[PDB]
Amino acid sequence: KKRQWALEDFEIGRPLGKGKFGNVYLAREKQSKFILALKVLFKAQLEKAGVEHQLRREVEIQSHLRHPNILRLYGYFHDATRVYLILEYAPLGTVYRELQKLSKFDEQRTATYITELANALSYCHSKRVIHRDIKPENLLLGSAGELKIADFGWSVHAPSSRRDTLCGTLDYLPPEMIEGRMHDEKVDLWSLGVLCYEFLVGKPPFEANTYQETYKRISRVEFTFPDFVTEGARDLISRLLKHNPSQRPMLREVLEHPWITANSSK
Ligand SMILES: O=C(O)c1ccc(Nc2nccc(Nc3ccccc3C(F)(F)F)n2)cc1
């Protein structure tokens, strides 16, 4: 990607999503009539967080990833007030909204999303990229209904030492992360297990009223299953949520899991 863009090249449309830093907009590039999404971040907002460098890492990382299950970053640009990220547009919205709607998914839709996810995380990890923010408000759906990892804000290079006052919120964070320790690609395997549970049950398995209690649930790995969660599903999830990262499966074993294979349409 070569030429420099600017706001004047784009017609901005419907707001897709909101945020403190800024909003995501449907937009159309005037010359090609190309439909995409523009994420607009205020320079004056993001300096306060010291995240300007993590934004630069998010941009560097996401633009260099090519995967059907990862949301493209085409490029970026800035001006006086704000910063613009030029994104692939995922027409069906977030997995979060799907989940609010259906209230929870079935084993076939779940195992398929888990498959699209695992495939994507394989790609990333081969590049030694850890996501660490994996969660349904960060996951989008393409035209065909396929899962796409969207928001790379917290992704990092592996391994990582990071204690970040926010690496993005507790329900999806593994014990080694919340406890401020060293971590690796095993982080996303835990998160995959949290997500798998949220898909079937409709709520993350560590959910609680306060951060302090959720913190307790995570570090103690305290979760229970509703009667309707099948043993195959229980088994994969129990395999993924392990306090000891090294006892978590490789994505290969995830993709090869009996319940995944019996269920995934992909
Ligand atoms: O109508 C909708 O609700 C709708 C329709 C299409 C969408 N598709 C879409 N495409 C690219 C980026 C993007 N950002 C975004 C927006 C809102 C929330 C989360 C994100 C994420 F995931 F990128 F961070 N959303 C998003 C939302």
Side-chain angles (χ1 to χ4, degrees), residues 1-101 113 116-117 120 123-124 127 129 131-157 166-169:
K1 190 56 179 303
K2 319 193 211 201
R3 102 182 204 81
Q4 152 75 355
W5 294 102
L7 192 44
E8 75 204 7
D9 294 289
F10 298 101
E11 294 181 328
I12 280 90
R14 178 174 72 96
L16 307 176
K18 305 299 189 165
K20 175 182 312 299
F21 293 158
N23 308 316
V24 187
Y25 290 90
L26 190 69
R28 194 186 53 173
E29 195 278 276
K30 306 167 136 128
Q31 296 118 11
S32 57
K33 291 191 291 202
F34 199 97
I35 283 284
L36 40 91
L38 280 179
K39 185 169 195 163
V40 178
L41 317 132
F42 282 96
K43 285 185 297 302
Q45 252 89 316
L46 45 69
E47 109 282 22
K48 286 187 282 266
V51 286
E52 337 165 322
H53 169 58
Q54 178 67 74
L55 168 54
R56 242 193 55 181
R57 173 186 292 142
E58 153 180 9
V59 161
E60 150 89 342
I61 284 161
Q62 212 185 332
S63 56
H64 287 67
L65 299 164
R66 306 294 162 110
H67 196 278
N69 308 113
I70 296 163
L71 192 87
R72 287 236 48 200
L73 185 55
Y74 299 123
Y76 77 97
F77 63 90
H78 54 264
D79 73 335
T81 338
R82 353 155 197 165
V83 186
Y84 306 90
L85 308 181
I86 305 169
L87 292 157
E88 156 179 6
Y89 158 63
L92 309 198
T94 73
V95 171
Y96 178 75
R97 195 179 57 173
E98 261 308 80
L99 196 52
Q100 283 312 86
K101 181 166 100 182
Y113 285 154
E116 299 167 336
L117 230 359
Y123 179 86
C124 293
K127 269 68 171 83
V129 165
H131 197 277
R132 318 185 303 172
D133 206 14
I134 281 291
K135 100 185 145 161
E137 280 159 318
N138 301 339
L139 306 177
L140 286 160
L141 300 165
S143 334
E146 74 284 24
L147 187 156
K148 299 198 190 247
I149 303 178
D151 189 328
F152 273 74
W154 275 299
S155 62
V156 92
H157 277 286
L166 191 70
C167 201
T169 222

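In what follows, residues are counted from 1 in the order of the sequence shown. FYI, side chains are in, hydrogens and waters are out, and symmetry mates aren't considered; it's all heavy atoms of this structure.
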K.L.:
Would you compute the distance between atom CD1 of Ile61 and atom CZ of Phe152 and round it to the nearest 0.5 angstrom?
P.N.:
8.0 Å
K.L.:
Between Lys101 and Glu98 (salt bridge meaning N to carboxylate O under 4.0 Å), is one present in this structure?
P.N.:
yes
K.L.:
Do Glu88 and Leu140 have side-chain heavy atoms sitting under 4.5 Å apart?
P.N.:
no
K.L.:
For the side chain of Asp133 and the backbone of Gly153, is there at least one donor-acceptor N/O pair under 3.5 Å apart?
P.N.:
no
K.L.:
Quick check: do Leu46 and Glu52 have side-chain heavy atoms less than 4.5 Å from each other?
P.N.:
yes
K.L.:
Is the closest side-chain heavy-atom distance between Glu58 and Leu85 below 4.5 Å?
P.N.:
yes
K.L.:
Go through it in stages, so that I can follow the logic: the residues are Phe10 and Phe77, the test is side-chain contact (heavy atoms from CB on, under 4.5 Å), and I'd like the CA-CA distance, side-chain angles, deciding distance and then a yes or no.
P.N.:
CA-CA 12 Å; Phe10 298 101; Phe77 63 90; 3.6 Å; yes
K.L.:
Roughly how far apart are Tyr76 OH and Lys1 NZ, rounded to 0.5 Å?
P.N.:
11.5 Å
K.L.:
Testing the basics here: between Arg28 and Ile35, what is the closest heavy-atom pair and its distance to 0.1 Å?
P.N.:
CB-CD1, 3.9 Å
K.L.:
Who pairs with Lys30 by side chain to side chain contact (heavy atoms under 4.5 Å, CB included), at least two apart in sequence or on another chain?
P.N.:
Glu11
K.L.:
Give the minimum heavy-atom separation between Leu87 and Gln62, together with the two atoms involved.
P.N.:
CD2-NE2, 4.1 Å
K.L.:
Tell me, do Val40 and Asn23 make a side-chain contact under 4.5 Å, heavy atoms counted?
P.N.:
no
K.L.:
Going through the distances and angles, do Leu92 and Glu146 end up as a side-chain contact (heavy atoms from CB on, under 4.5 Å)?
P.N.:
CA-CA 9 Å; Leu92 309 198; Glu146 74 284 24; over 6 Å; no
K.L.:
Check whether any side-chain heavy atom of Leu141 lies under 4.5 Å from a side-chain heavy atom of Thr94, and answer yes or no.
P.N.:
no
K.L.:
Strictly distance-based, threshold 3.5 Å: is any side-chain N or O of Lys43 a donor or acceptor partner for the main-chain N or O of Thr81?
P.N.:
yes
K.L.:
Checking the side chain of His67 only, and the main-chain atoms of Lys148 only, is there a donor and an acceptor separated by less than 3.5 Å?
P.N.:
no
K.L.:
Please check this pair: side chain of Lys48 against backbone of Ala44, looking for a donor-acceptor N/O pair closer than 3.5 Å.
P.N.:
yes
K.L.:
If we ignore hydrogens and angles and just use 3.5 Å, is the side chain of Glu8 paired with the main-chain N or O of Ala6 as donor and acceptor?
P.N.:
no
K.L.:
Going by heavy atoms in the side chains, are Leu139 and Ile149 under 4.5 Å from each other?
P.N.:
yes
K.L.:
Where is the tightest heavy-atom contact between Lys18 and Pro15, given as atom of each residue plus distance?
P.N.:
NZ-CB, 4.0 Å
K.L.:
Of the non-hydrogen atoms in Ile70 and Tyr123, which two are nearest, and what is the gap between them?
P.N.:
CD1-CD2, 3.7 Å
K.L.:
State, with a plain yes or no, whether a side-chain heavy atom of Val59 is found less than 4.5 Å away from one of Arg56.
P.N.:
no
K.L.:
Ignoring hydrogens, what is the shortest heavy-atom contact between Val129 and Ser155? Give both atom names and the distance.
P.N.:
CG1-CB, 4.3 Å
K.L.:
Would you say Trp154's side chain and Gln54's backbone share a donor-acceptor pair under 3.5 angstrom?
P.N.:
no
K.L.:
What's the separation between atom NZ in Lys127 and atom NE2 in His157, rounded to the nearest 0.5 Å?
P.N.:
10.5 Å
K.L.:
Quick one: does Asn69's side chain have a donor or acceptor within less than 3.5 Å of a partner on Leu147's backbone?
P.N.:
yes
K.L.:
About how many Å separate OH of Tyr89 and CG of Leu71, when rounded to the nearest 0.5 Å?
P.N.:
11.5 Å
K.L.:
Drop me the distance from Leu38's CG to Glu29's CD, to the nearest 0.5 angstrom.
P.N.:
10.5 Å
K.L.:
Could you check if a side-chain atom of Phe21 sits within less than 4.5 angstrom of a side-chain atom of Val83, using non-hydrogen atoms only?
P.N.:
no
K.L.:
For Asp151 versus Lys39, what's the shortest heavy-atom pair and its separation?
P.N.:
OD2-NZ, 3.3 Å
K.L.:
Test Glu137 against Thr169 for side-chain contact (heavy atoms from CB on, under 4.5 Å), laying out the working first.
P.N.:
CA-CA 11 Å; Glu137 280 159 318; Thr169 222; over 6 Å; no
